[PDB]
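Undergrad: One structure is given below, represented as structure tokens, and several questions about it will come after.
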Amino acid sequence: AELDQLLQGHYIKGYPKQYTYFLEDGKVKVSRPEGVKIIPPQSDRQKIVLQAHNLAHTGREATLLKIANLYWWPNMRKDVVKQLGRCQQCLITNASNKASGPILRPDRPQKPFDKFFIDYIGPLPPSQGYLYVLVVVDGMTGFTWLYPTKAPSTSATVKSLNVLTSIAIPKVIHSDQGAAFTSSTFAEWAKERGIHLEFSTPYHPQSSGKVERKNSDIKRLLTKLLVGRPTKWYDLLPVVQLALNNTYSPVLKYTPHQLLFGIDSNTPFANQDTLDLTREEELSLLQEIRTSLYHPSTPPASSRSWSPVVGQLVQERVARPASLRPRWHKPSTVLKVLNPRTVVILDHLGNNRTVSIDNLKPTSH
Amino acid sequence: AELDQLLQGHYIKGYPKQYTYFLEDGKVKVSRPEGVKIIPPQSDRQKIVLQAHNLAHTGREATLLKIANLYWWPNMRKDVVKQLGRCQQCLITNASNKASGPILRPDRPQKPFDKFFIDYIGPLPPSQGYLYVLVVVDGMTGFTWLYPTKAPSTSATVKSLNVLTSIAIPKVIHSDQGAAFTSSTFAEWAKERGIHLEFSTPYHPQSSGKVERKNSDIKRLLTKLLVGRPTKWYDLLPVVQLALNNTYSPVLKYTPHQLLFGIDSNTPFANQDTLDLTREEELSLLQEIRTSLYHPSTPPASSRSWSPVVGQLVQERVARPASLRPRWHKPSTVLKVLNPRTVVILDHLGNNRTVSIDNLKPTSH
Amino acid sequence: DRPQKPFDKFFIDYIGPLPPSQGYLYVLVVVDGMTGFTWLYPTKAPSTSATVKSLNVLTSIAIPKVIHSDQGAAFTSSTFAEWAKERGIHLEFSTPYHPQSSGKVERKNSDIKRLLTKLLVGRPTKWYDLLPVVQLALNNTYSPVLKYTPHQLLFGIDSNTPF
Amino acid sequence: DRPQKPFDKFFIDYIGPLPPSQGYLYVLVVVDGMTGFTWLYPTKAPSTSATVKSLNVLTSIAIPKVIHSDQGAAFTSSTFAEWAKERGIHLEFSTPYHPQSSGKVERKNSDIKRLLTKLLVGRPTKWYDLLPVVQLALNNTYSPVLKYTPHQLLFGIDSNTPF
DNA sequence: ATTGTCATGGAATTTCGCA
DNA sequence: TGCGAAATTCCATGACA
DNA sequence: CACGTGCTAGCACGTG
DNA sequence: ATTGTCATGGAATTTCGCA
DNA sequence: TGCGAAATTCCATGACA
DNA sequence: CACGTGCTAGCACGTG
Ligand SMILES: [Zn+2]
Ligand SMILES: [Zn+2]
């Protein structure tokens, strides 16, 4: 009883007048369309709101309605939202209802051998005691190399990539932060050959999209070929590699082989259209195709997405959350906005993290 | 060389005239905008198409372009699609590009105790040597009961449901074809009490949506409550059960308790709005709420969906497909269209199956 | 004052000892004061201990404003009074040897007391298993004074098992 | 007839024996007929056996219309002729003791033959490990007659390691 | 400190053979 | 020209994770 | 040895 | 012989206190 | 009436599987 | 004991 001048009939900002505010039992009541409710002082509200919310750690509306049952005051929701911003457990467990910003469609690498994309497929069914495949996809062309390994180790990634780099050396190699790739040994091997290692954000395999999406064609064709047969794939990687490199992307009109060489080699259904040009008149035409290749632009934003601004409160999807454990880390802050879709955060540990917005939800309230 | 009258200059339906069809090497050629291509007889086409497709079991376009490299004939695609309809491996591995029809929003059960929805949550973290929860959700109200079990057995489902049915008996009980529910023992227990067992389609948990979506609120609140604490949940099922039954659905304006009783019991923030009516004037009002409760209608169809007609060729998502094994069964036929979204098929074994269209793709070609 | 409603008062009492059916020698009787609804909980003794076990199962469904009982040991203990306060359940007590109730509750506690005993000789020393059926009958029994069942007054619709 | 192109002809030959670097005593030399590109495959002997192992790795990348070689045992075997036909690779044969090539191939097979040997005394009996660097140099070597590298003629762009 | 991708097959649409 | 049939392009829907 | 990151196993139950 | 669901919180929108 | 602020409703986005 | 159906584990690698 401090803003109680309403009992004498005095006006207090935010309190309507066309009602009558009496007293009963020792409590300031108010007659309402809803019924008759109890107005507590400012001092007693924050506590009541909490009591109510705490019953099932309910959201804005569900929390208000429980209080509606007994109380009215000016802009109760204002007090309730204040509380949901403070409740630690709700903030770290409730999922989000805001979708990521629309995806970026990175420019295709300019030249063959600009960027290399890598990932490991497996474990697979043991064929000749091999268990994994190292897939190496060239950015620009989409030419793909397939190396059977006994494990996804630096040890064996190096082995393969040597046999590979005999043909050429790439400027950039991009991979998921897979164990074998983020080793120091690999950093060495790459430093030595003078190649820049570029790394995907964690738990975000669209980043390695080019490989993953080639993986698909690799698993798919392997399967079609191993139907009715027991799965011995080792002896098929050769057959798959060639076939895939030599299959047309409809929206490009070109095989990765073509985008890498300008003429087919001696493979079935060999295109001879550039037969009569000199190699020089032909290699020129290629420079042309490579420049005007179809390229997609970002799709429109979702009606209810969000994009990250500096110093905004933001939380990170828990790596591998335990059973019955919250799916979000303690809230954090945006430091650098590398693009509309990648952000560096003051991590919860409290490092620097470069994370995809996908593994982020904007903190509510 | 049978439709070779084109060499003399005769016309054959479907072959253009403004070109010139000569002979070289012993092969009927044609001069084209594309270049100079080879026309083989009818007898030699089907084989060529196959050769081409077989290189990477390529789709329509990707298969044509490989043939484009060397050949032209009238409506080559017509021949190519014919072949993709016959290739067994492509039909059983290529995914689909047609989405399911839009979902149905089944009428809410009319009265409390019309329909019961059940499922088992777990395994969980061992609390007092209990590992699972049997969740029982009432259709109409959404009142929910929570039974801690040591396993998801009929043995123990029966145990719980007895304690439950002491309050009332349900007309219908709906569950996923979970082991313990599709036992004959359970059929018995249910036959005895005279309750009809209604079963969800396999591998389609939206069917048990009402439970699953309550599961969510159950796991969510459990977590919020077990933050910082080690996960001993046994002693919390009581607290959760009450709290959840007594939390408002915003779009309904009502707690499941209210939809089941018409007044709150003695729980925090007890609504007293129907205080002054007789129990009779009150129980009547309830009959009213129950009738005019918000209900959603099916969302619009996707631009590129499909819906099942009788006798259509259709294939079924492989239960648990092995590694490198195709994700679809040999194609089959629609017998009965139970609704726009459930179908009975001549199974591949070759039984009757009632499957959701979600686990179905229309056979291509 | 204002009209009677459910959950306003639960009337509780023990019944026993009875013939040992799987160790259960007693039965806890809870009756809603207004609808005359009945819950039955088989216990091994009339202790606070098992009175709590059972009223927990019940108060996880719904919670009375008031519990009313005889001054039986289990009901008058501190343990129970602490258990009560914790939940905002008011305790009321029938003054010794002169039992208290409304019309309705007196007869229902009777119906049970006798209905229990009939299916105690008619179906003998294996009664445990049958309490659920008893409870269903009891709650689906027709009322003279209000021409509606407990299962009707409580849920506001017809039972799917009429009696 | 019509202009020269890559994959039209691969010229192959063995070189050895050499000082045992991890067991590899020979080297298979494949040179593209038009771009003068070079692939090098360390083998343990000049057998069809290891000629196949190696040309498989290569023919998984791209496939020549023609292989041309000396009448060395490995090249003239049935095994190899069967392996060839299977893939639609035509076999051509330099008539004994009087070796055959275009200008380009003659000099490149020379460059290698000598470049191999220099980094055979200069960096001694551990050569195996260095074949990749050799191969890179070889393919990034500048051409007089056509003022472009193999790596340029083959891929149509500048190497990311010029020489 | 970095970013989704592309085979696929009905459907929509633009090009073609012939007047 | 303009009209029917063919042929090529459009694209959303899934699987790679 | 436990921790971070990129992959597929695995176990349950009731029935045949 | 069967069928998705609903808490949630910014945003959109309809009701309210006062002239 | 009509205008600004409050209050209630709208809804798409995720997690249950 | 393997098979159908509804759940979460598990193992890999390199580094600290
Ligand atoms: Zn909370
Ligand atoms: Zn196929």
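Residue numbers start at 1 in each chain; chains themselves are named A, B, ... in the order of the structure tokens; ligands are numbered from 1 in the order shown.
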Would you please extract all helix (DSSP H, G or I) residues from range 127-160 of chain D, as assigned by DSSP on the backbone, and give them as an mmCIF file with C-alpha atoms, in the first residue's frame?
TA:
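Saved the output as out-v2.cif:
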data_model
loop_
_atom_site.group_PDB
_atom_site.id
_atom_site.type_symbol
_atom_site.label_atom_id
_atom_site.label_comp_id
_atom_site.auth_asym_id
_atom_site.auth_seq_id
_atom_site.Cartn_x
_atom_site.Cartn_y
_atom_site.Cartn_z
ATOM 1 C CA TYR D 128 60.932 -42.166 -54.562
ATOM 2 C CA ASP D 129 59.748 -39.319 -52.327
ATOM 3 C CA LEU D 130 60.668 -36.725 -54.972
ATOM 4 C CA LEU D 131 58.879 -38.023 -58.080
ATOM 5 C CA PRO D 132 55.871 -35.791 -57.335
ATOM 6 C CA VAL D 133 58.093 -32.648 -57.404
ATOM 7 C CA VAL D 134 59.798 -33.926 -60.569
ATOM 8 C CA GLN D 135 56.412 -34.442 -62.202
ATOM 9 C CA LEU D 136 55.339 -30.910 -61.257
ATOM 10 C CA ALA D 137 58.474 -29.314 -62.672
ATOM 11 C CA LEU D 138 58.068 -31.438 -65.823
ATOM 12 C CA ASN D 139 54.484 -30.317 -66.340
ATOM 13 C CA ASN D 140 55.291 -26.696 -65.477
ATOM 14 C CA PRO D 150 51.831 -28.705 -70.315
ATOM 15 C CA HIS D 151 49.815 -27.518 -67.232
ATOM 16 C CA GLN D 152 48.558 -24.721 -69.442
ATOM 17 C CA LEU D 153 47.711 -26.752 -72.491
ATOM 18 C CA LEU D 154 46.042 -29.408 -70.325
ATOM 19 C CA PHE D 155 43.970 -27.247 -67.964
#
Undergrad: List all protein, DNA and RNA residues that have an atom no more than 7 Å from any atom of ligand 2, counting only C-alpha atoms (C1' of nucleotides) and all ligand atoms, and report them as an MDAnalysis selection string.
TA: chainID B and resid 53:54 57:58 84 87:90
Undergrad: Please give me, as a PyMOL selection string, the residues lying within 12 Å of ligand 1 when counting only C-alpha atoms (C1' of nucleotides) and all ligand atoms.
TA: (chain A and resi 49-60+62-63+80-94) or (chain B and resi 220-227)
Undergrad: As a PyMOL selection string, please: every residue in range 152-315 of chain B that a backbone DSSP assignment puts in strand (DSSP E).
TA: chain B and resi 172-175+196-199+313-315
Undergrad: Would you export the selected residues with C-alpha atoms as a PDB file, in the first residue's frame, please?
TA:
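The file below, part.pdb, is the result:
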ATOM      1  CA  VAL B 172     -10.563 -45.907 -27.992  1.00  0.00           C
ATOM      2  CA  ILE B 173      -6.827 -46.210 -27.272  1.00  0.00           C
ATOM      3  CA  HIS B 174      -4.365 -45.095 -30.002  1.00  0.00           C
ATOM      4  CA  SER B 175      -0.673 -45.922 -30.086  1.00  0.00           C
ATOM      5  CA  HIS B 196     -11.006 -50.591 -29.217  1.00  0.00           C
ATOM      6  CA  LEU B 197      -7.287 -50.541 -30.059  1.00  0.00           C
ATOM      7  CA  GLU B 198      -6.550 -48.159 -32.941  1.00  0.00           C
ATOM      8  CA  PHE B 199      -3.030 -48.237 -34.451  1.00  0.00           C
ATOM      9  CA  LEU B 313       2.285 -47.616 -58.906  1.00  0.00           C
ATOM     10  CA  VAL B 314       3.818 -46.653 -55.592  1.00  0.00           C
ATOM     11  CA  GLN B 315       6.884 -47.609 -53.514  1.00  0.00           C
TER      12      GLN B 315
END
Undergrad: Set the distance at 8 Å and use only C-alpha atoms (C1' of nucleotides): which residues neighbour residue 16 in chain F once local chain neighbours fewer than 5 positions away are removed? I'd like the list as number ranges by chain.
TA: A: 209, 211-216
Undergrad: Could you name the residues that touch residue 10 in chain H at 10 Å or less, counting only C-alpha atoms (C1' of nucleotides), but leaving out those on the same chain fewer than 6 positions away, as a PDB file with N, CA, C and O atoms, in the first residue's frame?
TA:
ATOM      1  N   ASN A  97      11.715 -19.519 -32.168  1.00  0.00           N
ATOM      2  CA  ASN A  97      10.710 -19.411 -33.208  1.00  0.00           C
ATOM      3  C   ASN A  97      11.127 -18.411 -34.265  1.00  0.00           C
ATOM      4  O   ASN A  97      10.288 -17.893 -34.988  1.00  0.00           O
ATOM      5  N   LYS A  98      12.427 -18.135 -34.346  1.00  0.00           N
ATOM      6  CA  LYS A  98      12.993 -17.287 -35.401  1.00  0.00           C
ATOM      7  C   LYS A  98      13.937 -18.124 -36.267  1.00  0.00           C
ATOM      8  O   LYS A  98      14.819 -18.813 -35.746  1.00  0.00           O
ATOM      9  N   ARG A 304       9.804 -14.643 -40.933  1.00  0.00           N
ATOM     10  CA  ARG A 304      10.135 -14.531 -39.520  1.00  0.00           C
ATOM     11  C   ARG A 304      11.546 -15.032 -39.244  1.00  0.00           C
ATOM     12  O   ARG A 304      11.768 -15.868 -38.362  1.00  0.00           O
ATOM     13  N   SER A 364      15.984 -14.167 -26.450  1.00  0.00           N
ATOM     14  CA  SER A 364      14.685 -13.496 -26.343  1.00  0.00           C
ATOM     15  C   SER A 364      14.711 -12.474 -25.216  1.00  0.00           C
ATOM     16  O   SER A 364      15.383 -12.692 -24.203  1.00  0.00           O
ATOM     17  N   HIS A 365      13.986 -11.366 -25.392  1.00  0.00           N
ATOM     18  CA  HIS A 365      13.879 -10.319 -24.359  1.00  0.00           C
ATOM     19  C   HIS A 365      15.233  -9.629 -24.029  1.00  0.00           C
ATOM     20  O   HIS A 365      15.804  -8.863 -24.829  1.00  0.00           O
TER      21      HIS A 365
END
Undergrad: Env of residue 6 in chain F: 12 Å cut, atoms = only C-alpha atoms (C1' of nucleotides), seq-sep filter 5 positions within chain, self excluded. Answer as a PyMOL selection string.
TA: (chain B and resi 14-16+74-78) or (chain E and resi 14-17)
Undergrad: How far is it from CA of residue 248 in chain A to CA of residue 204 in chain A, in Å with one decimal?
TA: 28.1 Å
Undergrad: Identify, on the basis of only C-alpha atoms (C1' of nucleotides), every residue whose closest approach to residue 4 in chain G does not exceed 10 Å; exclude the query and any residue fewer than 3 positions from it along the same chain; express the result as a list in words.
TA: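 After dropping sequence-adjacent residues, the list is residues 177, 178, 179, 202, 319 and 320 of chain A; 15 of chain J.
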Undergrad: Set out as CSV a contact list for chain A and chain J with a cut-off of 9 Å, giving each residue of chain A that qualifies its closest atom pair and distance in Å to one decimal, counting only C-alpha atoms (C1' of nucleotides), ordered by chain and rising residue number.
TA:
residue,atom,partner,partner_atom,distance
A:123,CA,J:12,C1',8.6
A:151,CA,J:12,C1',8.0
A:152,CA,J:13,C1',7.0
A:153,CA,J:13,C1',6.3
A:154,CA,J:13,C1',8.7
A:178,CA,J:13,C1',8.1
A:179,CA,J:13,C1',5.2
A:180,CA,J:13,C1',6.2
A:182,CA,J:14,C1',8.1
A:183,CA,J:14,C1',6.1
A:184,CA,J:14,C1',8.8
Undergrad: Using only C-alpha atoms (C1' of nucleotides), find which residues of chain E lie within 8 Å of chain B and jot them down as JSON, numbers by chain.
TA: {"E": [7, 8, 9, 17]}
Undergrad: Could those residues be written to a file, using N, CA and C atoms (P, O5', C5', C4', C3', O3' and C1' of nucleotides), as a compact mmCIF listing (two decimals), in the first residue's frame?
TA:
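Ended up saving to selection.txt:
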# COMPACT_ATOMS: atom_id res chain seq x y z
P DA E 7 24.10 -32.14 -61.19
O5' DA E 7 23.30 -33.53 -61.25
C5' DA E 7 23.80 -34.75 -60.67
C4' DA E 7 22.64 -35.66 -60.25
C3' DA E 7 21.67 -36.07 -61.34
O3' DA E 7 21.20 -37.35 -61.04
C1' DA E 7 20.49 -34.78 -59.77
P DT E 8 20.39 -38.10 -62.18
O5' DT E 8 18.86 -37.78 -61.85
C5' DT E 8 18.30 -37.89 -60.56
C4' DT E 8 16.85 -37.42 -60.56
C3' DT E 8 16.11 -37.46 -61.90
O3' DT E 8 14.98 -38.34 -61.85
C1' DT E 8 15.82 -35.36 -60.82
P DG E 9 14.32 -38.98 -63.17
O5' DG E 9 12.74 -38.89 -62.89
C5' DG E 9 12.24 -38.10 -61.78
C4' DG E 9 10.93 -37.38 -62.09
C3' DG E 9 10.25 -37.74 -63.40
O3' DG E 9 8.87 -37.45 -63.31
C1' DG E 9 11.13 -35.55 -63.56
P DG E 17 13.15 -27.72 -87.20
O5' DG E 17 11.65 -28.22 -87.43
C5' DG E 17 11.38 -29.60 -87.64
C4' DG E 17 10.04 -29.77 -88.30
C3' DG E 17 10.06 -29.54 -89.80
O3' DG E 17 9.34 -30.59 -90.41
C1' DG E 17 8.54 -28.01 -88.75
Undergrad: In Å, how far is it from CA of residue 144 in chain B to CA of residue 241 in chain B?
TA: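 Computing the Euclidean distance for CA of residue 144 in chain B and CA of residue 241 in chain B yields 6.8 Å.
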Undergrad: Could you work out which residues of chain B fall inside 7 Å of chain C? Count only C-alpha atoms, and format the result as a PyMOL selection string.
TA: chain B and resi 166-167+169-171+238+241-242+260-261+265-267+276+278-279+283
Undergrad: CA of residue 322 in chain A to CA of residue 363 in chain A: how many Å, to one decimal?
TA: 21.4 Å
Undergrad: Can you tell me, as a count of residues only, what residues are no more than 12 Å from range 68-74 of chain C when counting only C-alpha atoms (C1' of nucleotides), ignoring any on the same chain fewer than 5 positions away?
TA: 43
Undergrad: With only C-alpha atoms (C1' of nucleotides) counted and 12 Å as the cut-off, give the residues of chain F in contact with chain B, each with its shortest interatomic distance in Å and the pair that gives it, as CSV.
TA:
residue,atom,partner,partner_atom,distance
F:5,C1',B:14,CA,10.0
F:6,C1',B:75,CA,7.4
F:7,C1',B:75,CA,8.2
F:8,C1',B:61,CA,9.9
F:9,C1',B:61,CA,11.0
F:11,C1',B:304,CA,9.9
F:12,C1',B:304,CA,7.1
F:13,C1',B:97,CA,4.5
F:14,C1',B:97,CA,6.3
F:15,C1',B:95,CA,7.9
Undergrad: Based on the selection just made, write C-alpha atoms (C1' of nucleotides) of those residues as a PDB file, in the first residue's frame.
TA:
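The result, stored in selection_7.pdb:
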ATOM      1  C1'  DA F   5       3.835 -30.962 -81.485  1.00  0.00           C
ATOM      2  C1'  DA F   6       8.333 -31.403 -80.047  1.00  0.00           C
ATOM      3  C1'  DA F   7      12.000 -30.045 -77.479  1.00  0.00           C
ATOM      4  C1'  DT F   8      14.275 -27.749 -74.182  1.00  0.00           C
ATOM      5  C1'  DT F   9      14.161 -25.035 -69.596  1.00  0.00           C
ATOM      6  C1'  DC F  11      12.429 -25.582 -60.335  1.00  0.00           C
ATOM      7  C1'  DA F  12      11.175 -27.627 -55.502  1.00  0.00           C
ATOM      8  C1'  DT F  13      12.138 -31.467 -53.337  1.00  0.00           C
ATOM      9  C1'  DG F  14      15.165 -34.426 -51.399  1.00  0.00           C
ATOM     10  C1'  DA F  15      19.995 -36.477 -49.459  1.00  0.00           C
TER      11       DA F  15
END
Undergrad: Kindly indicate which residue among B:124, B:163, B:334, B:343 lies nearest to chain A, using only C-alpha atoms for the distances.
TA: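 The answer is B:124, which sits nearest to chain A.
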